[PDB]
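Listing of upload_14.tsv; format and content: TSV, C-alpha atoms.
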chain	number	residue	atom	x	y	z
A	52	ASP	CA	0.00	0.00	0.00
A	53	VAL	CA	1.83	3.06	-1.32
A	54	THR	CA	-1.17	5.43	-1.07
A	55	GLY	CA	1.14	7.89	0.69
A	56	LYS	CA	2.45	8.36	-2.85
A	57	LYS	CA	5.77	10.09	-2.17
A	58	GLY	CA	8.06	8.45	-4.73
A	59	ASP	CA	7.90	6.17	-7.76
A	60	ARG	CA	10.55	3.49	-7.08
A	61	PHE	CA	10.53	1.25	-4.01
A	62	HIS	CA	13.64	-0.67	-2.96
A	63	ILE	CA	13.96	-3.84	-0.88
A	64	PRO	CA	17.57	-4.95	-0.25
A	65	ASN	CA	18.52	-8.60	-0.68
A	66	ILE	CA	20.40	-10.53	2.01
A	67	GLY	CA	22.79	-13.33	1.08
A	68	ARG	CA	24.23	-16.24	3.01
A	69	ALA	CA	27.43	-16.25	5.05
A	70	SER	CA	30.38	-18.59	4.55
A	71	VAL	CA	32.10	-20.91	7.02
A	72	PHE	CA	35.88	-21.36	7.13
A	73	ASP	CA	38.30	-23.55	9.05
A	74	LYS	CA	40.07	-21.98	12.02
A	75	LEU	CA	43.79	-22.72	11.90
A	76	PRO	CA	46.28	-22.44	14.79
A	77	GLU	CA	48.04	-19.08	15.07
A	78	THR	CA	45.95	-17.78	12.16
A	79	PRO	CA	43.46	-14.89	12.41
A	80	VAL	CA	39.83	-15.56	11.60
A	81	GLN	CA	38.72	-14.69	8.07
A	82	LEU	CA	36.37	-11.71	8.07
A	83	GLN	CA	33.44	-11.91	5.66
A	84	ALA	CA	31.68	-9.16	3.73
A	85	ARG	CA	29.02	-9.49	1.04
A	86	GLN	CA	27.97	-7.07	-1.69
A	87	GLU	CA	24.18	-7.38	-1.82
A	88	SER	CA	21.65	-6.57	-4.53
A	89	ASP	CA	18.21	-4.98	-4.23
A	90	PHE	CA	14.73	-5.57	-5.63
A	91	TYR	CA	13.07	-2.46	-7.05
A	92	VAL	CA	9.39	-2.08	-7.93
A	93	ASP	CA	7.88	0.73	-10.01
A	94	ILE	CA	4.55	2.52	-10.28
A	95	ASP	CA	3.93	2.42	-14.02
A	96	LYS	CA	0.30	1.45	-14.77
A	97	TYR	CA	-2.26	4.26	-15.07
A	98	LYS	CA	-5.66	3.02	-16.24
A	99	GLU	CA	-8.84	4.94	-17.00
A	100	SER	CA	-12.41	4.30	-18.11
A	101	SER	CA	-14.44	7.27	-19.32
A	102	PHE	CA	-17.81	8.09	-20.84
B	2	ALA	CA	65.79	-58.49	18.41
B	3	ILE	CA	62.90	-56.27	17.31
B	4	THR	CA	64.39	-53.29	15.47
B	5	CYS	CA	62.72	-50.41	13.65
B	6	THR	CA	64.86	-50.01	10.54
B	7	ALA	CA	62.88	-47.19	8.88
B	8	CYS	CA	60.43	-44.56	10.14
B	9	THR	CA	60.46	-41.76	7.56
B	10	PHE	CA	57.94	-39.08	6.62
B	11	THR	CA	57.84	-37.04	3.41
B	12	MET	CA	56.55	-33.46	3.35
B	13	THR	CA	56.83	-30.28	1.33
B	14	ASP	CA	59.09	-27.47	2.48
B	15	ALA	CA	56.08	-25.23	3.12
B	16	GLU	CA	54.36	-27.80	5.35
B	17	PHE	CA	57.61	-28.51	7.21
B	18	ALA	CA	58.09	-24.78	7.77
B	19	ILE	CA	54.56	-24.68	9.19
B	20	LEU	CA	55.44	-27.58	11.48
B	21	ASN	CA	59.02	-26.56	12.32
B	22	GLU	CA	57.85	-23.04	13.29
B	23	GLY	CA	59.20	-21.49	10.10
B	24	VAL	CA	62.70	-22.97	10.39
B	25	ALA	CA	64.42	-24.66	7.47
B	26	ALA	CA	65.00	-28.39	7.06
B	27	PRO	CA	68.28	-29.32	8.83
B	28	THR	CA	67.38	-27.40	12.02
B	29	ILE	CA	64.72	-28.66	14.43
B	30	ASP	CA	63.03	-25.89	16.38
B	31	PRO	CA	62.76	-26.59	20.14
B	32	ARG	CA	59.20	-25.14	20.16
B	33	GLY	CA	58.09	-27.05	17.05
B	34	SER	CA	56.16	-30.27	16.56
B	35	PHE	CA	59.34	-32.34	16.13
B	36	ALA	CA	60.82	-31.36	19.51
B	37	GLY	CA	60.24	-32.64	23.02
B	38	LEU	CA	60.84	-36.29	22.15
B	39	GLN	CA	62.84	-38.82	24.16
B	40	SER	CA	66.58	-38.58	23.50
B	41	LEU	CA	68.50	-41.84	23.94
B	42	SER	CA	71.60	-41.23	21.81
B	43	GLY	CA	71.35	-37.59	20.68
B	44	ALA	CA	68.89	-35.68	18.53
B	45	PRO	CA	65.94	-38.07	18.02
B	46	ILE	CA	64.67	-36.36	14.84
B	47	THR	CA	66.63	-35.45	11.71
B	48	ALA	CA	65.32	-33.56	8.69
B	49	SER	CA	66.69	-33.10	5.18
B	50	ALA	CA	65.59	-31.17	2.10
B	51	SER	CA	65.90	-32.17	-1.56
B	52	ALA	CA	64.10	-30.37	-4.40
B	53	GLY	CA	61.12	-29.08	-2.45
B	54	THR	CA	60.74	-32.31	-0.44
B	55	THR	CA	61.56	-32.59	3.27
B	56	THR	CA	62.28	-36.00	4.79
B	57	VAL	CA	61.87	-36.38	8.56
B	58	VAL	CA	63.49	-39.48	10.07
B	59	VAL	CA	63.71	-40.75	13.63
B	60	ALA	CA	67.38	-41.07	14.53
B	61	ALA	CA	69.21	-44.37	14.22
B	62	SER	CA	69.49	-45.16	17.94
B	63	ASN	CA	66.34	-43.28	19.03
B	64	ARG	CA	63.74	-45.48	17.31
B	65	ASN	CA	61.93	-46.82	20.34
B	66	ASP	CA	58.15	-47.08	20.23
B	67	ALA	CA	57.71	-43.95	22.34
B	68	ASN	CA	59.39	-41.75	19.72
B	69	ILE	CA	57.51	-43.39	16.83
B	70	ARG	CA	54.14	-43.13	18.58
B	71	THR	CA	54.71	-39.54	19.66
B	72	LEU	CA	55.90	-38.49	16.20
B	73	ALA	CA	52.86	-40.09	14.56
B	74	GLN	CA	50.53	-38.45	17.09
B	75	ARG	CA	52.15	-35.04	16.60
B	76	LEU	CA	51.89	-35.37	12.83
B	77	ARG	CA	48.22	-36.38	13.04
B	78	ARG	CA	47.32	-33.55	15.41
B	79	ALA	CA	49.24	-30.99	13.34
B	80	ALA	CA	47.65	-32.15	10.08
B	81	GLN	CA	44.16	-32.08	11.58
B	82	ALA	CA	44.69	-28.65	13.15
B	83	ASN	CA	46.40	-27.03	10.16
B	84	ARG	CA	44.12	-28.70	7.57
B	85	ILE	CA	47.07	-30.47	5.94
B	86	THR	CA	46.28	-33.63	3.99
B	87	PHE	CA	47.83	-36.79	5.45
B	88	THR	CA	47.66	-39.26	2.57
B	89	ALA	CA	48.67	-42.44	4.40

For this file, produce the structure as structure tokens.
Amino acid sequence: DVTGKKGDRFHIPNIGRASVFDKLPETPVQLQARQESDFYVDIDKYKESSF
Amino acid sequence: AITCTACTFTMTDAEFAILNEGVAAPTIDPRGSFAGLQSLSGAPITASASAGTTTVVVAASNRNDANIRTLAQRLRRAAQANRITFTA
């Protein structure tokens, strides 16, 4: 429900899955970062019926 | 007379450096995985390098079962901890 109607595109970020790595002696843990996408939806249909 | 005539292990120089605390082949680090064994006639572990391959041998007069068992256990624990393949 976008009846507030302030904007035309609506974004919903995607969240991925983390990885698991082996922990070795005297070795620092591997830090993980993910570059995530987003799902965008538009307001593009404008329909009318007149007489 | 029950004698152990050969107890040798073959590694790469990188893996040996991981296990010998970064020291080269002919020197055995006292804080490494090849130290702390039972000495009966001298240094119980010898190591040599030849074309990227490191051979680790229990010394000639130090091949009792305690040294063999402890060396095998240290190698297993080090391979499991460091994720190093131990192909028989």

**Request:** Would you kindly return, as a PyMOL selection string, each protein, DNA or RNA residue with an atom no farther than 6 Å from any atom of stretch 60-64 of chain B, considering only C-alpha atoms and excluding same-chain residues fewer than 5 positions away?
**Result:** chain B and resi 41-42+45-46

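Checking B:6, B:83, B:56, B:47 one by one against residue A:76, counting only C-alpha atoms, you find the shortest gap at B:83.
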
**Request:** Using all atoms listed in the file, determine which residues of chain B fall within 12 Å of chain A; present them as a PyMOL selection string.
**Result:** chain B and resi 19-20+22+78-85

**Message:** So that I can check the surroundings of stretch 58-67 of chain A, please list as a ChimeraX atom specification every protein, DNA and RNA residue that reaches within 8 Å of it, counting only C-alpha atoms and ignoring chain neighbours fewer than 5 positions away.
**Reply:** /A:85,87-94

**Request:** Could you please determine the separation between atom CA of residue B:28 and atom CA of residue B:57 in Å, to one decimal place?
**Result:**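 Answer for the atom CA of residue B:28 to atom CA of residue B:57 separation: 11.1 Å.
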
**Request:** Can you pull out every residue within 12 Å of residue B:49, counting all atoms listed in the file, but drop anything in the same chain fewer than 6 positions away, and send it as a list in words?
**Result:**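 Final neighbour list, sorted by chain and number: residues 9, 10, 11, 12, 13, 14, 17, 25, 26, 27, 28, 29, 55, 56, 57, 58 and 59 of chain B.
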